[PDB]
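First up is the structure itself, then whatever we jot down about it.
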Amino acid sequence: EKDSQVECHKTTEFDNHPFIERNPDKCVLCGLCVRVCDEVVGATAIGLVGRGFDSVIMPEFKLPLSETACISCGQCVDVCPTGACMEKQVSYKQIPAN
Amino acid sequence: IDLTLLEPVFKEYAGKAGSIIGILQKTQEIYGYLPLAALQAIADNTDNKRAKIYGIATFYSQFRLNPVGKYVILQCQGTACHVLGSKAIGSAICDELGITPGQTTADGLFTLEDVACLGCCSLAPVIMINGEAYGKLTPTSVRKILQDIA
Amino acid sequence: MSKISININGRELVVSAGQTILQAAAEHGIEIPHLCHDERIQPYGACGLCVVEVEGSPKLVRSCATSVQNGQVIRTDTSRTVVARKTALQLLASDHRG
Amino acid sequence: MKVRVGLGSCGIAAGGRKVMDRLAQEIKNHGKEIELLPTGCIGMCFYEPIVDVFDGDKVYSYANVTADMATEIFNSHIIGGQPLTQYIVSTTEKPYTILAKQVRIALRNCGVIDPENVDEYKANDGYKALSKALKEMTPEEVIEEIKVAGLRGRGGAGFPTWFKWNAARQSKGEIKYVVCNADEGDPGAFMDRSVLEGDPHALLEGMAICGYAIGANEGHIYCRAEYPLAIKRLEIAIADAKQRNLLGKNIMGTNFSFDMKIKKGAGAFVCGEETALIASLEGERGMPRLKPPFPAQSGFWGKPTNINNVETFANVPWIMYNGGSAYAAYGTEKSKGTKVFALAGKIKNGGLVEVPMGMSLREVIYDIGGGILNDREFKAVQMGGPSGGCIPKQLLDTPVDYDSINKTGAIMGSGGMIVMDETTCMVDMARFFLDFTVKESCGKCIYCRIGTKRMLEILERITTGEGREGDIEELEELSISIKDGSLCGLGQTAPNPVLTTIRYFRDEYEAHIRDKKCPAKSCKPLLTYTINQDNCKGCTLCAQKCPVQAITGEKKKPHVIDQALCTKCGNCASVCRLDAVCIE
Amino acid sequence: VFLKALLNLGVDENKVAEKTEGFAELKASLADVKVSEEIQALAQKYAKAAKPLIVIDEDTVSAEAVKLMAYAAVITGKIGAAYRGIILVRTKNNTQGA
Ligand code: SF4
Ligand code: SF4
Ligand code: SF4
Ligand code: SF4
Ligand code: SF4
Ligand code: SF4
Ligand code: FES
Ligand code: FES
Ligand code: FES
Ligand SMILES: [Zn+2]
């Protein structure tokens with residue numbers, strides 16, 4: 001449950017990448033995605049911006065992920081523990097399912 | 001804009017590791033701020049992994065990303081100067097200039113910024129204007145000094 | 001040789017040197033929370049849900065970034081670790097929208 | 001005839017060039033061979049611009065000088081021989097007052113020596129300790145002498161410096177580094193800048209001695225880029241020392257070599273920590289890492305690195321010239337020597353002070369500090385910067401040393417001591433310190449990134465009159481959890497102002513929660529402006545000065561302030577000639 | 001005499017007062033006991049040991065000796081944790097089951 005006194009920053013994001021879906025609200029700042037994309041893939045298409053509450057993981061120069069050096073490998077998707085980084089839908093209409 | 005000067009600078013620095021900080025300091029010294037074109041031209045021709053240079057530029061408490069006025073105002077907001085009434089001085093500056101901290105004047109002659117501490121706590125409250133310090137400040141005094149500068 | 005054997009949560013385990021206590025507990029089926037841990041890259045130490053109580057150390061040690069020694073006593077469900085994880089998860093839930 | 005001018009970062013703030021060139025111009029207008037020398041702040045920044053004139057063996061200081069005053073000084077004393085007694089506060093026969101109770105070791109040459117010339121430093125027994133250590137004594141003996149002197153780190157932690165030096169020495173590696181932490185980001189703390197602008201040569205000598213002790217050949221000074229005079233004087237110092245074979249290759253004919261470089265920091269408070277400073281020095285984002293490995297084993301670029309703040313490196317040459325037993329004679333049995341303190345706040349005599357540890361804090365505020373400004377009552381004193389604590393009036397006799405002030409909930413920090421009178425509220429000060437911590441957090445771990453903001457929200461709610469019942473309980477549990485969960489010392493010592501100001505001023509929080517009244521009359525939301533009907537007579541002078549017109553009433557009749565309309569600006573009490581506007 | 005020698009080597013009386021019933025009476029009972037050299041040597045050897053075990057053969061040891069060994073382990077705080085305690089070997093295969 002949430003109280004109105006504390007603030008959760010609500011985003012108006014728009015990243016229409018055909019394969020990768022990002023949602024900064026569900027991020028827990030574990031840093032696994034940027035660490036993998038830098039130390040394994042080596043593209044470094046994403047990075048940290050800001051300090052404190054303003055810390056947010058976003059692509060190079062705040063550009064869309066399509067305009068940067070992304071490979072669409074999907075490792076950042078596969079190492080994320082929450083729903084912030086998601087892979088897109090292969091089926092006709094994807095669903096939360098086991 | 002002047003990518004050619006960004007050029008002698010990057011030529012000079014291409015070598016030592018950990019030179020991102022120095023490169024950004026010289027870029028700020030040349031331009032007065034960091035435009036996106038300069039950050040792009042630095043993220044190229046010496047790599048440093050374009051996301052990384054932006055992330056370093058944002059953090060580091062000092063890299064101004066916007067143009068400023070002719071005179072840069074640095075109000076002291078340290079503990080000693082806040083104890084002696086820095087808030088009244090800041091409200092006086094905000095009222096007399098019509099701008100908030102982090103903003104510049106419409107004609108671009110004054111800009112308001114916040115600093116950690118002047119270090120001249122014996123003269124608290126203190127302000128810096130283009131490297132000239134004014135201490136033991138009352139709101140009437142800062143008003144008079146800004147009319148004198150204007 | 002000279003089996004590195006540890007005692008965690010009251011049980012006796014045989015392990016391999018150079019690992020992490022988190023890896024050993026996963027090997028022997030003991031659940032320790034973790035969010036910023038991946039065995040294929042360097043430890044980060046951000047979340048803090050992997051803290052365990054090791055005898056001889058006055059402060060909590062992170063099981064994702066410590067190496068197993070011979071004859072160390074580890075407790076993963078003491079009151080201090082439980083309240084630390086509860087506080088961390090309460091702070092994480094204070095910004096998560098979905 | 002010789003004259004020193006006390007320029008600095010504080011001399012510019014009041015006078016500065018306005019004095020010196022005028023004096024220089026006067027010299028050029030008179031042609032007398034007068035040695036006009038630039039010197040740093042002595043320590044009495046409540047009288048600056050400091051000027052010293054030496055008539056033979058007599059020293060005259062009649063400071064607080066402008067250009068007209070400087071011309072008067074030149075026409076009266078340096079030519080006519082007549083001192084201006086209406087401006088004199090210190091002479092040779094009547095000197096160190098505030099300085100009488102001070103034992104100056106790291107501040108021995110501040111305000112005395114031209115920092116831009118090495119000859120004055122050599123004339124004041126400088127670089128003799130370096131020569132002694134190089135020519136007469138072994139690095140193991142150097143660490144032994146440091147241990148015998150009982151040197152503790154002059155930073156927040158107070159770690160034994162000899163332990164760090166020995167650990168760096170035993171570390172395996174062909175290349176080692178010595179890094180001086182000149183990046184102090186504490187508000188109200190300016191000992192580093194004063195030392196750098198007054199005596200950089202002491203810092204260089206101490207760093208060279210440490211490099212010889214450990215075996216390092218490369219030095220680094222991580223100084224802030226916002227101290228331009230300090231970096232200019234450091235550049236002059238390294239140039240002068242290289243030209244005199246004091247630093248570089250084959251120092252004074254010995255096979256040992258040592259060089260240093262200056263790195264300009266970006267001004268991050270988190271870089272005060274060792275690993276974050278290492279990350280900043282390597283040109284990355286300053287963020288603390290996991291210990292172990294310690295910097296003494298694997299620090300700068302993976303090489304062993306010894307990191308100490310400027311004050312210890314300044315203290316090292318004095319103890320090397322005088323012996324470790326001499327330095328051990330000062331201080332206590334657990335804290336030996338002397339410490340520098342940046343004394344400011346609601347005080348009469350502010351500036352940089354130097355005291356041996358074991359002295360009571362009452363002596364510091366009253367004997368040297370001159371008491372409270374405007375003769376008000378002493379209420380509290382903040383120590384250790386915004387990560388420190390607020391010592392109340394009931395603990396005014398606590399001796400200043402690491403363990404004693406640690407027992408009171410505060411810390412040493414870099415040495416910033418701020419005096420607080422009864423007119424300043426502790427809730428607002430805790431909010432201020434927590435806001436500073438929130439602004440300077442690097443946002444890596446959950447606790448410092450989130451909980452500090454949550455506690456800041458709670459303090460903002462209390463200070464705006466929206467504090468609810470149970471806010472104190474939430475504050476103390478959040479503080480304990482943040483202290484127990486943070487990675488580095490920034491988040492661990494972050495709730496120190498919040499907890500300590502609870503433990504000694506809880507009633508104020510109650511007064512802020514259940515009463516919506518601030519006793520110190522500082523929180524403008526919590527202020528209430530009323531008009532005494534007995535002691536003012538219907539002039540409408542306050543109401544005319546209120547563009548909000550929250551004051552109603554007839555002429556020659558008592559007026560009533562509308563609390564629902566009042567924006568609490570204060571203009572309706574400043575113009576009151578009968579002083580009947582009560583602030584409750 | 002072994003118990004008295006262990007007591008004279010500086011045991012923590014507060015913890016054994018909190019966790020045991022009747023410690024003061026036992027201490028009063030051993031007030032006039034003299035200590036021999038061999039007993040002192042064995043007590044020192046047991047005291048400096050960080051993780052000492054006691055293996056008692058049930059076939060050749062009376063029950064009161066087992067009780068006195070348990071007292072020695074309790075008052076020194078070397079029981080109730082890993083690598084420290086009393087190991088008791090039984091006479092038959094399923095004596096513990098019986
Ligand atoms: S898809 Fe691959 S390359 Fe693109 S951001 Fe994720 S990890 Fe980096
Ligand atoms: S892996 Fe997911 S949760 Fe972790 S930092 Fe990246 S986006 Fe956030
Ligand atoms: S399932 Fe997980 S990621 Fe999705 S909304 Fe719930 S907490 Fe967030
Ligand atoms: S405690 Fe604060 S400053 Fe230290 S690592 Fe965590 S977030 Fe960063
Ligand atoms: S304090 Fe200011 S707003 Fe309030 S009544 Fe007086 S003039 Fe008006
Ligand atoms: S200015 Fe003072 S005396 Fe005059 S009306 Fe106001 S409160 Fe009364
Ligand atoms: S902190 Fe304000 S002048 Fe030093
Ligand atoms: S799993 Fe995050 S600190 Fe170890
Ligand atoms: S310049 Fe003011 S005290 Fe040093
Ligand atoms: Zn208040």
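FYI, nothing fancy with the structure tokens labels: chains A, B, ... in order, residues from 1 per chain, ligands from 1 as they appear.
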
Excluding range 52-66 of chain E and residues on its chain fewer than 6 positions from it, collect all residues at most 9 Å away from it, counting only C-alpha atoms, and give them as a ChimeraX atom specification. /E:46,73,78,83-91

Keeping N, CA, C and O atoms for every residue in the selection just given, could you write it to a file as a PDB file, in the first residue's frame?
ATOM      1  N   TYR E  46      42.508 -26.820  27.503  1.00  0.00           N
ATOM      2  CA  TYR E  46      41.113 -26.680  27.103  1.00  0.00           C
ATOM      3  C   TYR E  46      40.711 -25.221  26.948  1.00  0.00           C
ATOM      4  O   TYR E  46      39.852 -24.903  26.121  1.00  0.00           O
ATOM      5  N   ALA E  73      31.835 -27.743  29.862  1.00  0.00           N
ATOM      6  CA  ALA E  73      31.553 -27.162  28.554  1.00  0.00           C
ATOM      7  C   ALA E  73      30.596 -25.985  28.654  1.00  0.00           C
ATOM      8  O   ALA E  73      30.708 -25.031  27.879  1.00  0.00           O
ATOM      9  N   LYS E  78      31.564 -23.145  25.444  1.00  0.00           N
ATOM     10  CA  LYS E  78      31.980 -23.903  24.272  1.00  0.00           C
ATOM     11  C   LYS E  78      30.936 -24.923  23.844  1.00  0.00           C
ATOM     12  O   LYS E  78      31.289 -25.993  23.343  1.00  0.00           O
ATOM     13  N   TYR E  83      31.316 -26.820  15.720  1.00  0.00           N
ATOM     14  CA  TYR E  83      32.682 -27.243  16.038  1.00  0.00           C
ATOM     15  C   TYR E  83      33.002 -27.141  17.524  1.00  0.00           C
ATOM     16  O   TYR E  83      34.171 -27.088  17.906  1.00  0.00           O
ATOM     17  N   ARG E  84      31.985 -27.121  18.376  1.00  0.00           N
ATOM     18  CA  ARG E  84      32.180 -26.976  19.810  1.00  0.00           C
ATOM     19  C   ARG E  84      31.062 -27.713  20.520  1.00  0.00           C
ATOM     20  O   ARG E  84      29.887 -27.479  20.230  1.00  0.00           O
ATOM     21  N   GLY E  85      31.418 -28.580  21.450  1.00  0.00           N
ATOM     22  CA  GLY E  85      30.371 -29.262  22.183  1.00  0.00           C
ATOM     23  C   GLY E  85      30.889 -30.545  22.799  1.00  0.00           C
ATOM     24  O   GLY E  85      32.056 -30.642  23.168  1.00  0.00           O
ATOM     25  N   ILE E  86      29.981 -31.506  22.913  1.00  0.00           N
ATOM     26  CA  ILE E  86      30.267 -32.818  23.470  1.00  0.00           C
ATOM     27  C   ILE E  86      29.733 -33.860  22.504  1.00  0.00           C
ATOM     28  O   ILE E  86      28.559 -33.814  22.127  1.00  0.00           O
ATOM     29  N   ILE E  87      30.587 -34.795  22.105  1.00  0.00           N
ATOM     30  CA  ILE E  87      30.187 -35.925  21.281  1.00  0.00           C
ATOM     31  C   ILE E  87      30.133 -37.154  22.172  1.00  0.00           C
ATOM     32  O   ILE E  87      31.105 -37.469  22.864  1.00  0.00           O
ATOM     33  N   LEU E  88      28.997 -37.837  22.164  1.00  0.00           N
ATOM     34  CA  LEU E  88      28.743 -38.976  23.036  1.00  0.00           C
ATOM     35  C   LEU E  88      28.491 -40.197  22.165  1.00  0.00           C
ATOM     36  O   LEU E  88      27.516 -40.230  21.409  1.00  0.00           O
ATOM     37  N   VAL E  89      29.360 -41.197  22.267  1.00  0.00           N
ATOM     38  CA  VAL E  89      29.242 -42.420  21.484  1.00  0.00           C
ATOM     39  C   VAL E  89      28.573 -43.481  22.339  1.00  0.00           C
ATOM     40  O   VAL E  89      28.931 -43.666  23.506  1.00  0.00           O
ATOM     41  N   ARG E  90      27.598 -44.173  21.764  1.00  0.00           N
ATOM     42  CA  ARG E  90      26.750 -45.082  22.513  1.00  0.00           C
ATOM     43  C   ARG E  90      27.295 -46.504  22.478  1.00  0.00           C
ATOM     44  O   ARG E  90      28.229 -46.828  21.748  1.00  0.00           O
ATOM     45  N   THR E  91      26.686 -47.360  23.297  1.00  0.00           N
ATOM     46  CA  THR E  91      27.135 -48.740  23.420  1.00  0.00           C
ATOM     47  C   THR E  91      26.710 -49.581  22.226  1.00  0.00           C
ATOM     48  O   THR E  91      27.484 -50.406  21.734  1.00  0.00           O
TER      49      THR E  91
END

Report as a ChimeraX atom specification the set of chain C residues whose atoms approach chain E to within 10 Å, with distances computed over only C-alpha atoms. /C:6-12,71-74

At a cut-off of 10 Å around ligand 6, and using only C-alpha atoms and all ligand atoms, what residues come up? Please write them as a PDB file with N, CA and C atoms, in the first residue's frame.
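For reference, result-v6.pdb as written:
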ATOM      1  N   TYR D 529       1.972  35.983  13.718  1.00  0.00           N
ATOM      2  CA  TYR D 529       2.171  37.403  13.969  1.00  0.00           C
ATOM      3  C   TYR D 529       0.925  37.967  14.637  1.00  0.00           C
ATOM      4  N   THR D 530       1.092  38.517  15.835  1.00  0.00           N
ATOM      5  CA  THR D 530      -0.004  39.149  16.551  1.00  0.00           C
ATOM      6  C   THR D 530       0.394  40.572  16.907  1.00  0.00           C
ATOM      7  N   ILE D 531      -0.605  41.399  17.191  1.00  0.00           N
ATOM      8  CA  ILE D 531      -0.393  42.794  17.554  1.00  0.00           C
ATOM      9  C   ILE D 531      -0.863  42.988  18.988  1.00  0.00           C
ATOM     10  N   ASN D 532       0.036  43.474  19.842  1.00  0.00           N
ATOM     11  CA  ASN D 532      -0.314  43.766  21.226  1.00  0.00           C
ATOM     12  C   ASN D 532      -1.250  44.966  21.268  1.00  0.00           C
ATOM     13  N   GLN D 533      -2.456  44.760  21.800  1.00  0.00           N
ATOM     14  CA  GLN D 533      -3.435  45.838  21.872  1.00  0.00           C
ATOM     15  C   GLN D 533      -3.083  46.875  22.929  1.00  0.00           C
ATOM     16  N   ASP D 534      -2.159  46.561  23.835  1.00  0.00           N
ATOM     17  CA  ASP D 534      -1.804  47.469  24.917  1.00  0.00           C
ATOM     18  C   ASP D 534      -0.691  48.434  24.520  1.00  0.00           C
ATOM     19  N   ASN D 535       0.293  47.962  23.749  1.00  0.00           N
ATOM     20  CA  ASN D 535       1.517  48.716  23.507  1.00  0.00           C
ATOM     21  C   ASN D 535       1.680  49.181  22.059  1.00  0.00           C
ATOM     22  N   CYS D 536       0.590  49.393  21.321  1.00  0.00           N
ATOM     23  CA  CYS D 536       0.682  50.186  20.100  1.00  0.00           C
ATOM     24  C   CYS D 536      -0.611  50.960  19.905  1.00  0.00           C
ATOM     25  N   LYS D 537      -0.514  52.095  19.210  1.00  0.00           N
ATOM     26  CA  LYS D 537      -1.615  53.054  19.105  1.00  0.00           C
ATOM     27  C   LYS D 537      -1.902  53.354  17.630  1.00  0.00           C
ATOM     28  N   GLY D 538      -2.711  52.491  17.008  1.00  0.00           N
ATOM     29  CA  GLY D 538      -3.456  52.751  15.783  1.00  0.00           C
ATOM     30  C   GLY D 538      -2.888  53.667  14.718  1.00  0.00           C
ATOM     31  N   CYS D 539      -1.711  53.345  14.179  1.00  0.00           N
ATOM     32  CA  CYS D 539      -1.095  54.176  13.155  1.00  0.00           C
ATOM     33  C   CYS D 539      -1.226  53.615  11.745  1.00  0.00           C
ATOM     34  N   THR D 540      -1.653  52.355  11.597  1.00  0.00           N
ATOM     35  CA  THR D 540      -1.819  51.671  10.310  1.00  0.00           C
ATOM     36  C   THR D 540      -0.509  51.667   9.509  1.00  0.00           C
ATOM     37  N   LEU D 541       0.623  51.754  10.207  1.00  0.00           N
ATOM     38  CA  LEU D 541       1.913  51.831   9.533  1.00  0.00           C
ATOM     39  C   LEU D 541       2.358  50.461   9.036  1.00  0.00           C
ATOM     40  N   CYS D 542       1.992  49.401   9.757  1.00  0.00           N
ATOM     41  CA  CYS D 542       2.300  48.050   9.299  1.00  0.00           C
ATOM     42  C   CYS D 542       1.389  47.635   8.150  1.00  0.00           C
ATOM     43  N   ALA D 543       0.105  47.999   8.225  1.00  0.00           N
ATOM     44  CA  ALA D 543      -0.855  47.578   7.210  1.00  0.00           C
ATOM     45  C   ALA D 543      -0.561  48.222   5.861  1.00  0.00           C
ATOM     46  N   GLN D 544      -0.110  49.480   5.867  1.00  0.00           N
ATOM     47  CA  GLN D 544       0.248  50.147   4.620  1.00  0.00           C
ATOM     48  C   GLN D 544       1.448  49.478   3.963  1.00  0.00           C
ATOM     49  N   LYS D 545       2.348  48.922   4.769  1.00  0.00           N
ATOM     50  CA  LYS D 545       3.525  48.226   4.271  1.00  0.00           C
ATOM     51  C   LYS D 545       3.250  46.766   3.932  1.00  0.00           C
ATOM     52  N   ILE D 551      -3.777  42.887   7.702  1.00  0.00           N
ATOM     53  CA  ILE D 551      -4.001  43.624   8.940  1.00  0.00           C
ATOM     54  C   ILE D 551      -5.215  44.520   8.751  1.00  0.00           C
ATOM     55  N   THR D 552      -6.183  44.399   9.655  1.00  0.00           N
ATOM     56  CA  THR D 552      -7.393  45.205   9.630  1.00  0.00           C
ATOM     57  C   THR D 552      -7.535  45.953  10.947  1.00  0.00           C
ATOM     58  N   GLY D 553      -8.133  47.128  10.879  1.00  0.00           N
ATOM     59  CA  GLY D 553      -8.352  47.948  12.054  1.00  0.00           C
ATOM     60  C   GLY D 553      -8.467  49.411  11.683  1.00  0.00           C
ATOM     61  N   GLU D 554      -9.085  50.170  12.579  1.00  0.00           N
ATOM     62  CA  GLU D 554      -9.307  51.591  12.366  1.00  0.00           C
ATOM     63  C   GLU D 554      -8.127  52.406  12.886  1.00  0.00           C
ATOM     64  N   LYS D 555      -8.074  53.664  12.454  1.00  0.00           N
ATOM     65  CA  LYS D 555      -7.042  54.575  12.929  1.00  0.00           C
ATOM     66  C   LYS D 555      -7.247  54.873  14.409  1.00  0.00           C
ATOM     67  N   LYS D 556      -6.132  55.019  15.130  1.00  0.00           N
ATOM     68  CA  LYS D 556      -6.099  55.249  16.576  1.00  0.00           C
ATOM     69  C   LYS D 556      -6.775  54.128  17.365  1.00  0.00           C
ATOM     70  N   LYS D 557      -6.808  52.919  16.814  1.00  0.00           N
ATOM     71  CA  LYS D 557      -7.367  51.751  17.473  1.00  0.00           C
ATOM     72  C   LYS D 557      -6.457  50.554  17.241  1.00  0.00           C
ATOM     73  N   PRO D 558      -6.427  49.599  18.174  1.00  0.00           N
ATOM     74  CA  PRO D 558      -5.582  48.412  17.985  1.00  0.00           C
ATOM     75  C   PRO D 558      -5.996  47.610  16.759  1.00  0.00           C
ATOM     76  N   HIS D 559      -5.001  47.057  16.076  1.00  0.00           N
ATOM     77  CA  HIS D 559      -5.203  46.338  14.828  1.00  0.00           C
ATOM     78  C   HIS D 559      -5.110  44.831  15.051  1.00  0.00           C
ATOM     79  N   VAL D 560      -5.780  44.086  14.173  1.00  0.00           N
ATOM     80  CA  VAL D 560      -5.859  42.632  14.249  1.00  0.00           C
ATOM     81  C   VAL D 560      -5.269  42.051  12.972  1.00  0.00           C
ATOM     82  N   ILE D 561      -4.378  41.075  13.122  1.00  0.00           N
ATOM     83  CA  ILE D 561      -3.727  40.428  11.988  1.00  0.00           C
ATOM     84  C   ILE D 561      -4.536  39.197  11.596  1.00  0.00           C
ATOM     85  N   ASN D 571       7.492  42.141   7.220  1.00  0.00           N
ATOM     86  CA  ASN D 571       7.561  43.586   7.045  1.00  0.00           C
ATOM     87  C   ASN D 571       6.662  44.333   8.022  1.00  0.00           C
ATOM     88  N   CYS D 572       5.686  43.657   8.623  1.00  0.00           N
ATOM     89  CA  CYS D 572       4.785  44.303   9.568  1.00  0.00           C
ATOM     90  C   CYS D 572       5.339  44.354  10.984  1.00  0.00           C
ATOM     91  N   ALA D 573       6.537  43.827  11.211  1.00  0.00           N
ATOM     92  CA  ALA D 573       7.212  43.953  12.494  1.00  0.00           C
ATOM     93  C   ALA D 573       8.478  44.790  12.426  1.00  0.00           C
ATOM     94  N   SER D 574       9.093  44.910  11.247  1.00  0.00           N
ATOM     95  CA  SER D 574      10.328  45.674  11.122  1.00  0.00           C
ATOM     96  C   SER D 574      10.076  47.174  11.190  1.00  0.00           C
ATOM     97  N   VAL D 575       8.891  47.622  10.781  1.00  0.00           N
ATOM     98  CA  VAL D 575       8.593  49.049  10.728  1.00  0.00           C
ATOM     99  C   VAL D 575       7.929  49.493  12.024  1.00  0.00           C
ATOM    100  N   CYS D 576       7.766  48.572  12.971  1.00  0.00           N
ATOM    101  CA  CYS D 576       7.057  48.876  14.212  1.00  0.00           C
ATOM    102  C   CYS D 576       7.967  49.676  15.136  1.00  0.00           C
ATOM    103  N   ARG D 577       7.567  50.911  15.433  1.00  0.00           N
ATOM    104  CA  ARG D 577       8.323  51.782  16.321  1.00  0.00           C
ATOM    105  C   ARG D 577       7.972  51.590  17.789  1.00  0.00           C
ATOM    106  N   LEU D 578       6.904  50.853  18.092  1.00  0.00           N
ATOM    107  CA  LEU D 578       6.524  50.563  19.466  1.00  0.00           C
ATOM    108  C   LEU D 578       6.783  49.116  19.864  1.00  0.00           C
ATOM    109  N   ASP D 579       7.243  48.280  18.924  1.00  0.00           N
ATOM    110  CA  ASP D 579       7.659  46.897  19.189  1.00  0.00           C
ATOM    111  C   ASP D 579       6.542  46.066  19.820  1.00  0.00           C
ATOM    112  N   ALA D 580       5.318  46.243  19.328  1.00  0.00           N
ATOM    113  CA  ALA D 580       4.168  45.511  19.841  1.00  0.00           C
ATOM    114  C   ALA D 580       3.783  44.317  18.978  1.00  0.00           C
ATOM    115  N   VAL D 581       4.506  44.060  17.888  1.00  0.00           N
ATOM    116  CA  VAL D 581       4.217  42.914  17.026  1.00  0.00           C
ATOM    117  C   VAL D 581       4.912  41.701  17.634  1.00  0.00           C
ATOM    118  N   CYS D 582       4.123  40.798  18.206  1.00  0.00           N
ATOM    119  CA  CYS D 582       4.639  39.597  18.844  1.00  0.00           C
ATOM    120  C   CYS D 582       4.701  38.457  17.836  1.00  0.00           C
TER     121      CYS D 582
END

Up to 7 Å from chain D, what residues of chain C turn up? Count only C-alpha atoms and give them as number ranges by chain. C: 46-47, 84, 87-88, 91

Atomic separation - CA of residue 510 in chain D relative to CA of residue 470 in chain D, Å: 10.4 Å

Proximal residues of chain D relative to chain A (only C-alpha atoms; 12 Å) as JSON, numbers by chain: {"D": [268, 270, 285, 286, 287, 435, 436, 437, 438, 439, 440, 441, 442, 443, 444, 445, 446, 447, 448, 449, 450, 451, 452, 453, 454, 455, 456, 457, 458, 460, 461, 466, 467, 468, 491]}

Ligand 8 neighbours within 6 Å using only C-alpha atoms and all ligand atoms, as a PyMOL selection string: chain C and resi 34-37+45-50+62+64

Would you output that residue set with N, CA and C atoms, as an mmCIF file, in the first residue's frame?
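For reference, again-v8.cif as written:
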data_model
loop_
_atom_site.group_PDB
_atom_site.id
_atom_site.type_symbol
_atom_site.label_atom_id
_atom_site.label_comp_id
_atom_site.auth_asym_id
_atom_site.auth_seq_id
_atom_site.Cartn_x
_atom_site.Cartn_y
_atom_site.Cartn_z
ATOM 1 N N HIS C 34 18.614 -12.285 -3.289
ATOM 2 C CA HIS C 34 19.596 -11.533 -4.051
ATOM 3 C C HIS C 34 18.901 -10.877 -5.226
ATOM 4 N N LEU C 35 19.354 -9.692 -5.573
ATOM 5 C CA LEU C 35 18.818 -8.995 -6.736
ATOM 6 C C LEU C 35 19.890 -8.561 -7.720
ATOM 7 N N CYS C 36 21.054 -8.133 -7.241
ATOM 8 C CA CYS C 36 22.113 -7.610 -8.092
ATOM 9 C C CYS C 36 23.267 -8.593 -8.252
ATOM 10 N N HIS C 37 22.989 -9.889 -8.184
ATOM 11 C CA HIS C 37 24.022 -10.912 -8.243
ATOM 12 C C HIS C 37 23.917 -11.691 -9.543
ATOM 13 N N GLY C 45 27.157 -5.200 -5.258
ATOM 14 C CA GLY C 45 26.849 -4.761 -3.914
ATOM 15 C C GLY C 45 25.948 -3.549 -3.880
ATOM 16 N N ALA C 46 24.723 -3.687 -4.381
ATOM 17 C CA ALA C 46 23.780 -2.579 -4.427
ATOM 18 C C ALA C 46 22.565 -2.861 -3.553
ATOM 19 N N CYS C 47 21.899 -3.998 -3.744
ATOM 20 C CA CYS C 47 20.644 -4.260 -3.056
ATOM 21 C C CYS C 47 20.861 -4.387 -1.558
ATOM 22 N N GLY C 48 21.656 -5.364 -1.138
ATOM 23 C CA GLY C 48 21.857 -5.626 0.269
ATOM 24 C C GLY C 48 20.989 -6.721 0.824
ATOM 25 N N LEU C 49 20.293 -7.467 -0.023
ATOM 26 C CA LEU C 49 19.466 -8.566 0.440
ATOM 27 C C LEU C 49 20.252 -9.843 0.658
ATOM 28 N N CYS C 50 21.546 -9.851 0.367
ATOM 29 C CA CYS C 50 22.345 -11.063 0.444
ATOM 30 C C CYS C 50 23.194 -11.111 1.703
ATOM 31 N N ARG C 62 28.270 -9.567 2.957
ATOM 32 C CA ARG C 62 27.440 -9.874 1.806
ATOM 33 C C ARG C 62 27.876 -11.204 1.220
ATOM 34 N N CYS C 64 27.215 -12.501 -1.565
ATOM 35 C CA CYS C 64 27.492 -12.466 -2.992
ATOM 36 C C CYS C 64 28.908 -12.027 -3.310
#

Find the residues in chain A near chain B: any atom within 8 Å counts, using only C-alpha atoms. Write them as a VMD selection string. chain A and resid 44 to 51 59 to 61

Could the residues in this selection be saved with C-alpha atoms as an mmCIF file, in the first residue's frame?
data_model
loop_
_atom_site.group_PDB
_atom_site.id
_atom_site.type_symbol
_atom_site.label_atom_id
_atom_site.label_comp_id
_atom_site.auth_asym_id
_atom_site.auth_seq_id
_atom_site.Cartn_x
_atom_site.Cartn_y
_atom_site.Cartn_z
ATOM 1 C CA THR A 44 27.267 0.063 -23.990
ATOM 2 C CA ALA A 45 24.000 1.223 -25.512
ATOM 3 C CA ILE A 46 22.674 2.230 -22.060
ATOM 4 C CA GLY A 47 24.083 3.975 -19.026
ATOM 5 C CA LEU A 48 23.324 5.662 -15.737
ATOM 6 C CA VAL A 49 22.278 9.323 -15.582
ATOM 7 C CA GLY A 50 21.982 11.475 -12.475
ATOM 8 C CA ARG A 51 22.336 11.113 -8.726
ATOM 9 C CA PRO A 59 20.451 5.092 -23.592
ATOM 10 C CA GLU A 60 23.339 7.117 -24.990
ATOM 11 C CA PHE A 61 22.707 10.889 -24.905
#
